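Quick setup: one chain, the form deposited in one PDB entry, written in structure tokens, and binding and motion questions come after.
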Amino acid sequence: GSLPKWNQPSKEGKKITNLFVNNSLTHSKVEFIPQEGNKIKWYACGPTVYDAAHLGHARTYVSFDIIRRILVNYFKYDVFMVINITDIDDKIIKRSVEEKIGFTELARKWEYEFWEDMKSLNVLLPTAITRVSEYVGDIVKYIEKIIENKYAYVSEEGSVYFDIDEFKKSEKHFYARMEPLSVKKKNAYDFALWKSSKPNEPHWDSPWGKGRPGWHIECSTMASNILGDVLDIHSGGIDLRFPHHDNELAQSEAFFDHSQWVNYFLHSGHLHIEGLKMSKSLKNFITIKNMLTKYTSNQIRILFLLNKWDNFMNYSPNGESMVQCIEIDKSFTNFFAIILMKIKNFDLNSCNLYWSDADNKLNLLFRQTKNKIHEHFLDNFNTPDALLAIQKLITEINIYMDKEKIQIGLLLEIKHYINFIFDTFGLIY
């Protein structure tokens, strides 16, 4: 009553790592527990494809790429991931009349460039990609069910609106679970599931007349169709928490008439530039492509590894923030050059392989580093401290390789572990 409740999944029969994640449904770090076995069903909101993507977009998709690699490569969860493409939107329609190429052709062009930018940043494609334009029929059926459950109504003009008041009345439903204080139509807060088509706009048939999906209904529809009635993880940037994500929860609860569609809602922090969110509207943005003419994938990923994913970060342009990233990337490149040369030039015939006190001290540091990094990853994917641990280990390996007689097997094993963590970070050396 008056405050939304959250049900932690039961631990019996689940993979239990003791990972804690910052859950927006609880506004707290809570233990992450799969709904089933070691499986993670994960939906992440995708871009609206009418122009080039920028560094703020990169921060969200790279940060969740890192989290996905930690979940899969490091913890060995089984991740089934869906990302949508909003290729029907007011912005796409308006941009297409300006550009005088079909709306489909414009949306497809900027979707293609989005995925090329993701590939350039070594971001893994999701399991499924759901374009609104390929799901309109399913969206209509989804809305039909919400109406049948009495949680939406049809206006005279042919639009369909979600009935917030009817939804709240139900004891099993709470509206705006994540931002309770942020809250033709019955009430102003009602939001469109189906918009009657304006003249000259692209449109689709429905029982209520020609129209387009509303802003939020595609994500509930697509995630529900592929992933079902319980998502382990839903993600997006913090600006989407309300109204978009809270409205997705209400739509999906209305469709299934249950109380918890998402177990863990994860929200990345914004990249700021000169104190403000990097934003197309503010014209303060740097495109991913322009960033990539000056900096590499590794350097950009290090920029993001240095900042906790769920906190905001400041980007100082003109290379100021990238100085440290370039230095770190260079130290990793040089570390690999040196250790590979030491391994290559090692001669078993002329060496002595006695396990010395220096060998033992490096090994002790090595195993300790593994446990420190494990605790950092369990602590809500703390990559800044994990990256620091790798840097400290590399500093000691460099000292060891310069003076001590080297244990070839130990150096190889350390290199393989650092390779393993770098694969988890998405770095390529």
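One-based numbering along the sequence shown. In this text, the rigid core denotes the largest set of C-alpha atoms whose superposition between the two forms falls within 1.5 Å.
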From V183 on to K184, does the model leave out none, 1 to 3, 4 to 9, or 10 or more residues of the deposited sequence? 10 or more
Of the two stretches 247-255 and 148-156, which shows the higher Cα B-factor on average in the entry? 148-156
Quick one: say whether 328-336 or 126-134 has the higher mean Cα B-factor in the deposited entry. 328-336
Name the one of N18, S10, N419, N23 with the greatest CA B-factor according to the PDB entry. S10
For the CA B factor values reported in this entry, which option in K403, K39, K370, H376 has the top one? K403
The third of the chain into which the C-alpha temperature factor of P207 falls is the highest
Considering every modelled residue of the chain and its Cα B-factor in the PDB entry, is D385 in the lowest, middle or highest third? middle
When the deposited Cα B-factors of this chain's modelled residues are ordered and cut into thirds, is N311 in the lowest, the middle or the highest one? lowest
Record-listed C-alpha B factor of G228: chain third: middle
Among the modelled residues of this chain, does the Cα B factor of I399 put it in the lowest, middle or highest third? highest
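In what follows, reference is made to the form deposited in another entry, a form of this protein that is not presented.
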Among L353, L125, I101, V323, the C-alpha that moves by 2 angstroms or more between this form and the one not shown, rigid core fixed, is that of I101
Threshold 2 Å Cα movement between this form and the one not shown at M278, rigid core reference: yes
